[PDB]
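Per-entry structural report
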Amino acid sequence: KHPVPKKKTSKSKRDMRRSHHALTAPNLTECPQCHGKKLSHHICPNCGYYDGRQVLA
Amino acid sequence: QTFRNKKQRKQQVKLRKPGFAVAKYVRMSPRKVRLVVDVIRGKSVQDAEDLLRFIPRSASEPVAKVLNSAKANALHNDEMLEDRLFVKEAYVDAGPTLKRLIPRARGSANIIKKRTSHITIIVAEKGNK
Amino acid sequence: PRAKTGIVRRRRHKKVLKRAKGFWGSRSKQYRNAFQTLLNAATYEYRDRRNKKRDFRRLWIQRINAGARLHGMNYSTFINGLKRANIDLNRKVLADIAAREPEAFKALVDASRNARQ
Amino acid sequence: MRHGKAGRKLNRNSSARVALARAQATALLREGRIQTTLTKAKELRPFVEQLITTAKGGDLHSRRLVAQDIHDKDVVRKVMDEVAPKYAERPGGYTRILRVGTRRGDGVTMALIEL
RNA sequence: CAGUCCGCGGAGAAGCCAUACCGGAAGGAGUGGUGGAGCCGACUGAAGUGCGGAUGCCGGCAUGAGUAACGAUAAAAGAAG
RNA sequence: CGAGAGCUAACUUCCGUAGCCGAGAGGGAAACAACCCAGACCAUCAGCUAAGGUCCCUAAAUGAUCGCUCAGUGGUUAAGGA
RNA sequence: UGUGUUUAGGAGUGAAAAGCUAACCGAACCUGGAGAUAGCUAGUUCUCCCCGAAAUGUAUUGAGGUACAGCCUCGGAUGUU
RNA sequence: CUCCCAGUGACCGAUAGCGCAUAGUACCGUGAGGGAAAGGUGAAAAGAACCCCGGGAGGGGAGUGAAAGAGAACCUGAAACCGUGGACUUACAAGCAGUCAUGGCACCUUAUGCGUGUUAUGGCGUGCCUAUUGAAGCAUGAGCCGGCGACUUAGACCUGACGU
RNA sequence: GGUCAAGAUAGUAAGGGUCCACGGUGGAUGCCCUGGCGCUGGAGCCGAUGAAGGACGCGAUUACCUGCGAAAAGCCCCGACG
Ligand SMILES: [Mg+2]
Ligand SMILES: [Mg+2]
Ligand SMILES: [Mg+2]
Ligand SMILES: [Mg+2]
Ligand SMILES: [Mg+2]
Ligand SMILES: [Mg+2]
Ligand SMILES: [Mg+2]
Ligand SMILES: [Mg+2]
Ligand SMILES: [Mg+2]
Ligand SMILES: [Mg+2]
Ligand SMILES: [Mg+2]
Ligand SMILES: [Mg+2]
Ligand SMILES: [Mg+2]
Ligand SMILES: [Mg+2]
Ligand SMILES: [Mg+2]
Ligand SMILES: [Mg+2]
Ligand SMILES: [Mg+2]
Ligand SMILES: [Mg+2]
Ligand SMILES: [Mg+2]
Ligand SMILES: [Mg+2]
Ligand SMILES: [Mg+2]
Ligand SMILES: [Mg+2]
Ligand SMILES: [Mg+2]
Ligand SMILES: [Mg+2]
Ligand SMILES: [Mg+2]
Ligand SMILES: [Mg+2]
Ligand SMILES: [Mg+2]
Ligand SMILES: [Mg+2]
Ligand SMILES: [Mg+2]
Ligand SMILES: [Mg+2]
Ligand SMILES: [Mg+2]
Ligand SMILES: [Mg+2]
Ligand SMILES: [Mg+2]
Ligand SMILES: [Mg+2]
Ligand SMILES: [Mg+2]
Ligand SMILES: [Mg+2]
Ligand SMILES: [Mg+2]
Ligand SMILES: [Mg+2]
Ligand SMILES: [Mg+2]
Ligand SMILES: [Mg+2]
Ligand SMILES: [Mg+2]
Ligand SMILES: [Mg+2]
Ligand SMILES: [Mg+2]
Ligand SMILES: [Mg+2]
Ligand SMILES: [Mg+2]
Ligand SMILES: [Mg+2]
Ligand SMILES: [Mg+2]
Ligand SMILES: [Mg+2]
Ligand SMILES: [Mg+2]
Ligand SMILES: [Mg+2]
Ligand SMILES: [Mg+2]
Ligand SMILES: [Mg+2]
Ligand SMILES: [Mg+2]
Ligand SMILES: [Mg+2]
Ligand SMILES: [Mg+2]
Ligand SMILES: [Mg+2]
Ligand SMILES: [Mg+2]
Ligand SMILES: [Mg+2]
Ligand SMILES: [Mg+2]
Ligand SMILES: [Mg+2]
Ligand SMILES: [Mg+2]
Ligand SMILES: [Mg+2]
Ligand SMILES: [Mg+2]
Ligand SMILES: [Mg+2]
Ligand SMILES: [Mg+2]
Ligand SMILES: [Mg+2]
Ligand SMILES: [Mg+2]
C-alpha cells in the first residue's frame, strides 16, 4: 500500500498543470434602468430592477 | 540634470510612487488572490471596479479596497484624471506566514501554513496610446 | 582565534552559478546541481575541442568529392591525382574554397586527371 | 443513471426531503415571497403549485388534503380561503423565480420565489 | 586574529549586487549600483582556517497542491433584528 | 595458452603464465572494464597512418581481374541423408 | 468499585504470558561513570607539479582484521653493478 | 579550590561565546530531571500635526530629519522560494539537461569584438559521491539554499628531516 | 494584375523555457555591544541575638524585576557630594 510521488515536481511542469486555473471574468452588463452593472438573468444589485423594481433595496 | 552625489540626490529629489497602493499582511493565500488580480490587470479602472465586484471570491474584498486607494492617491495626491485611470499594474507577493501545530492520527503533529498577502496595484492614465 | 567560513563559501558558489547561466532548471540556480552539470560539461568541452577537427575534416572531404563527382572523378581518384603531381600540397579546406570557385576547381580536376594517365 | 427519473435529493433522506418541501411551502404561503437558494427554489415551485391546485377544489376534502402537508392551521385557512380562490382564473403557473445572485459565506447563488 | 610598515575613508569603509578584464590554478583587480562606518595592500606570527554528501545539525523556503479533509447520517427551514 | 576439481558444463572454483581492467582517456567491435587498434602536457577550421573500413544511413573505389554460391546461404549447431 | 494506604529493580507483584511495574520491560526511569568499547558503517572540504602501487608469501582463537617480508615514494651514498 | 571581586587577552561577538546579551523562564515530565530561541530607528524622538482610500489593518501625500533610498514587522538585507514586466523563443517532439559548430533575432557602460543575451538545426555525449573485481545504474546517501560540521592538544617523552 | 494547378514558406500562445530589469520573502553577511570565556591576582565561611533558599505582602495607578519589610521602593545617628 501507500503510494507516494517519486521525484519532486518541477516548476515548469507544475505551471503547465495550473494552465487551466485561469478565472473566467463574469459577463457583466449595465442595467438599462440605472447606472451600474448587473449579471445577466439576475436583478440589478444597485437598483433592484428586473423590470419594475424587484428586490427591496 | 543630475547632482553631485547620492547624498545630495537624497536631499533634493524625494522620489514619489505615483498610482501606487499596497495592502500588506492580508491574512489570505496569495495563490488564491492572484486568481482575481489577474482578471483586473491591464483593464479600465471602472471595469476593475465592476469585475472585482462580481467575481465570487473572498479574496475579492481586499483586492477591492486597495484598488480604491490606488485610484484615491491617483486623484487626491497625483492630479490624475479619473476618466483616464486604468490598472497599469497589479500583483500580489507573499507576506509572512503564521505557522500552527495541527494534531493528526496516532500522535503525530504537523505544521500548517497560514500565508499572508501583500496585494499591490498601480493605476495610471490611459494616456498611454 | 575563531575563523568562520563566512564570505568565502558564497564567493565560490556565485562563481559556479555564474559559469552556469545558459542552463535549464536548477542546473542554473542551485549550486549543487550547477557544479554537477559543469562536471559533465568539462568532459564534453575537452572532448569536442579536438573532435571538432574530426568533424570539420569530414566536412572538407565531403565537400571535395562533390565537385569531384560533379566533373566525373571522385575524392579518392581526385586527391590521388592531386598527389600524383608532387606540387599540390594545399590543405583540404583550400580545396573546399576552390570547390566554391568552380573554374579553378575544374582546372585542378584536369590537372589531377592528367596525372593518373 | 437517471435516463428518465425525476426530482432531486437535496443531500438528505426521504423524510427530510419531505419536511423541507412541506415547510418552505408553509413559509411562502405564510408570506407570499421568500428568498432561498436557487436549487431549492426550483424544487419548491412544482410542489407548492400542486398544493395550491389541491386547495382550488373548495371542499373539506381539498382542505384536508392540504392539511396533511401544512400543519399550522392559520396558513391552511390562508391558502384555502384567501389564496387559491384568488388564483381562480389562473390556469396554472402560480409562482415565479428571479435570482438575486450570489451569497458570500458559501458562494451560493440565491433567488426569490413569489406568486 | 596579532605585531610592524604603507596608507584609505560621511566628496563615503566593510558587506551586498552585476560585469565581456587579469594570472597556470586556488584566486585577484577595473568600473558601476546599494550601503552608511570602519577598512584594504606588503612582511612576519598563530589558527576553532577552505564542504555536496555523514537517512549529518540549526534554520528558512519548496514538491505532493489548491490535493485529502473540516472530527459520528440527531436533518433543518422562513421571517425579523 | 598449460594443468587440476566439474559433465573436456558454467560470466563456476583453484594454481602457472602472458597481456588488458583495476588505476586507462581516444578509434574499431550497432551497443560493450576485459577483445583488436593505440598510453590523452597545452592550443590549431593543418598532414601521414594503425586496427577497422569505402552502396545510403555514415568518413572513404556502385574499385579492378579470375572464379564460387541463386540459398537471403551471408545473417544460429550436429549425427545423418541428398 | 471509591478512598486511604503498603510492596520496586535482579527487585516487586503474578489463578503463570516472562505478564505488569506511568503509552517499547527476557530486567523500568533519571542523573552520572561517560567522549564506555566499537577489528564494524558512513563521512573527512583550497589549487596546481612530480613519481606511482598492492589484492602475493608465511604467521596468527587467523580468514572482511593485524605483524614481517614483497611492491610505492623522499633523501643520502655508491656508481654501472 | 574559586560561589565572589579587580585586572588582563595574536578569547568569542548573536548557529560564536555560559543553557541565558539573561531564563534554569517558556515548554516536556507524576517524579528525579530535561530545557529553548534571543539583539540593532535615529545624532537626538524631533517618534510622523494635518489631509486622502479603508471598520480596520495597510497604504499615499504633507511635514520632522542629513537620510522616511531611517517610520516603529524600523542597520545592512546574500540564497533557496514566490511574483510582475521586457528580449529571444516554443504546440510531428524521443530528450543526464550539456559540448562544439553553423545560422536567425536582439543589444553595445572591462563592449563593435578571436563580442554579450538568446535561439533553430547538425554532430557529439551513460547525474554525483560511496562502496567496488566491476556503477548511468533497477547498489548506498541526498527535497532545495544558507549557515554550524571532522587529523587536534598535551609531555623536561622516543625517533627522522630541515634550520639556528 | 483575375481564376484554376503544383510547390514552398510565416505568423498566433493556453501554458512553458533561457536571459534582463523591478520587487516579496527570508535573515546569511559586515559592523557594533547592552553579554560571555580563560588566566593571573585578590578575598573567603553564614546560622538559635533565626542562616542558605523561599511564601505572602509594601507602592496614588503595579501584571513582572528590584529593594523593603506591617514602623514596610523603607525609619534613625555620623561622614562624603552640593
Ligand atoms: Mg493501502
Ligand atoms: Mg529638504
Ligand atoms: Mg518573519
Ligand atoms: Mg563530446
Ligand atoms: Mg455535500
Ligand atoms: Mg389537478
Ligand atoms: Mg563611495
Ligand atoms: Mg571578483
Ligand atoms: Mg553614522
Ligand atoms: Mg574587522
Ligand atoms: Mg574545523
Ligand atoms: Mg565527498
Ligand atoms: Mg547538506
Ligand atoms: Mg530541515
Ligand atoms: Mg480528486
Ligand atoms: Mg473532498
Ligand atoms: Mg474522517
Ligand atoms: Mg436560522
Ligand atoms: Mg416576513
Ligand atoms: Mg572431470
Ligand atoms: Mg570467475
Ligand atoms: Mg568467486
Ligand atoms: Mg580497487
Ligand atoms: Mg594499466
Ligand atoms: Mg580503451
Ligand atoms: Mg559487438
Ligand atoms: Mg560507437
Ligand atoms: Mg563499467
Ligand atoms: Mg573505464
Ligand atoms: Mg565483461
Ligand atoms: Mg586486428
Ligand atoms: Mg589518411
Ligand atoms: Mg589498412
Ligand atoms: Mg559518403
Ligand atoms: Mg555435416
Ligand atoms: Mg539501570
Ligand atoms: Mg533472582
Ligand atoms: Mg507499559
Ligand atoms: Mg571509562
Ligand atoms: Mg585478511
Ligand atoms: Mg611492513
Ligand atoms: Mg648486481
Ligand atoms: Mg548562543
Ligand atoms: Mg542568525
Ligand atoms: Mg540553560
Ligand atoms: Mg508557565
Ligand atoms: Mg504598518
Ligand atoms: Mg521605506
Ligand atoms: Mg533600508
Ligand atoms: Mg513602525
Ligand atoms: Mg548606524
Ligand atoms: Mg532592515
Ligand atoms: Mg514544428
Ligand atoms: Mg516528451
Ligand atoms: Mg560516465
Ligand atoms: Mg559484488
Ligand atoms: Mg541510486
Ligand atoms: Mg531514498
Ligand atoms: Mg613531572
Ligand atoms: Mg641537525
Ligand atoms: Mg487547390
Ligand atoms: Mg533583492
Ligand atoms: Mg568584554
Ligand atoms: Mg535570612
Ligand atoms: Mg494601596
Ligand atoms: Mg510593631
Ligand atoms: Mg551629588
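Residues numbered from 1 in each chain as written, not as in the entry; some residues may be left out. Chains lettered and ligands numbered in written order. Part of a larger assembly, values for the part shown. Heavy atoms only, no water. Residues with missing side-chain atoms left out of burial classes, pairs and counts.

- Looking at the method and resolution fields of the entry, one finds X-ray crystallography and 3.4000 Å.

- Named according to the PDB entry, chain B is 50S ribosomal protein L22 originating from Deinococcus radiodurans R1.
- Within the Protein Data Bank, this record goes by the title "50S Deinococcus radiodurans ribosome bounded with mycinamicin IV".
- Note on chain B: under the UniProt heading Sequence similarities, the record states "Belongs to the universal ribosomal protein uL22 family." (UniProt positions renumbered as here; feature names shortened; annotations may be inferred.)

- Labelled according to the PDB entry, chain A appears under the name 50S ribosomal protein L32, originating from Deinococcus radiodurans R1.
- UniProt, in its Sequence similarities section for chain A, records the words "Belongs to the bacterial ribosomal protein bL32 family."

**Focus on the overall build of chain A**
- Secondary structure assignment for chain A yields one helix and two strands.
- N-terminal to C-terminal, the α/β element order of chain A is α-β-β.
- Along the three orthogonal principal directions, the C-alpha set of chain A runs to about 60 × 25 × 15 Å.
- In chain A, 0% of the contacts between residues at least 6 apart in sequence involve partners at least 24 apart. (Helix = DSSP H or I, 4+ residues; strand = E, 2+ residues; numbered from the N terminus. Contact = heavy atoms within 4.5 Å.)

**Some points on the sheet that holds strand β1 (residues 20-26) of chain B**
Residues and elements named next belong to chain B.
- Here three strands make up an open sheet; going across it, the order is β1-β3-β2 and the pairing antiparallel. For this open sheet the edge positions go to β1 and β2 (85-103), each flanked by a neighbour on one side alone. Strand-to-strand, the axes of this sheet are offset by a mean angle of 10°, without reference to chain direction.
- As defined by bridge partners, β2 adjoins strand β3 (residues 109-125) across 16 bridges and the pair is classed as antiparallel. Bridge assignment links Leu-85 to a residue of β3, and that residue is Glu-125.
- Here helix α2 (residues 30-40) sits on the sheet and contacts β2 and β3; the angle it forms with β2, its principal contact strand, is near 170°. (Pairing = 2+ DSSP bridges. Axes fitted to C-alpha atoms, helices over the stretch in contact; angles between N-to-C directions.)

**A word on the state of the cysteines**
Residues and elements named next belong to chain A.
- Applying the stated criterion across every chain, the model contains one disulfide over all chains.
- For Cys-44, the disulfide goes to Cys-47, at an S-S distance of 2.1 Å. The sign of the S-S torsion, about 125°, decides the handedness of the disulfide formed by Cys-44 and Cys-47: right-handed.
- Judged by its relative accessible area of 0%, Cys-44 is buried.
- Owing to a relative accessible area of 6%, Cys-47 belongs among the buried residues under this scheme.
- Between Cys-31, a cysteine without a disulfide, and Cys-47, which holds the nearest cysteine sulfur, the sulfur-to-sulfur distance is 3.1 Å. (Disulfide = S-S within 2.5 Å. Buried < 20%, exposed > 50% of the residue type's maximum accessible area, 1.4 Å probe, protein only.)

**Details of the interface of chain A and chain B**
- The interface is formed by eleven residues belonging to chain A together with ten residues belonging to chain B.
- Overall, the association of chain A and chain B removes approximately 890 Å² of surface from exposure, summing both partners, and the carbon and sulfur fraction of that is 74%.
- Between chain A and chain B we count one salt bridge in total.
- Close ionic contact of A:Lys37 with B:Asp50 constitutes a salt bridge, the shortest N to O distance being 3.2 Å.
- Summed over the shared surface of chain A and chain B, the result is one residue pair in polar contact.
- Those elements giving two or more residues to the side of chain A that touches chain B turn out to be β1 (28-30) and β2 (37-39) of chain A.
- Considering every element that reaches the side of chain A that touches chain B, the biggest residue donor is β2(A), with three residues.
- Grouping the constituent residues of the side of chain A that touches chain B by class yields six nonpolar, one polar and four charged. (Buried area = accessible area lost by both parts, 1.4 Å probe. Salt bridge = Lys/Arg side-chain N within 4 Å of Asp/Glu carboxyl O. Polar contact = N/O pair within 3.5 Å; in protein donor to acceptor, adjacent residues only side chain to side chain. Nonpolar A, V, L, I, M, F, W, Y, C, P; charged D, E, K, R; others polar.)

**A word on the arrangement of the chains**
- Here the protein chains form three pairs of chains in contact, of which the pair with the most contacts is chains A and B.
- Kept free of each other, chain B and chain D leave a smallest C-alpha distance of 7 Å between them.
- The two units chain C and chain D remain apart, with a minimum C-alpha distance of 39 Å.

**Considering unusual backbone geometry**
- Of note in the backbone geometry, A:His41 takes a positive phi value of approximately 55° without being a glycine.
- Mapping A:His41 onto the fold places it in the segment after β2.
- Classification of A:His41 by relative accessible area gives exposed; the value is 56%.
- The phi angle at B:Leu15 is positive, at roughly 60°, despite the residue not being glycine.
- Of note, B:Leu15 is situated in the loop between α1 (6-12) and β1.

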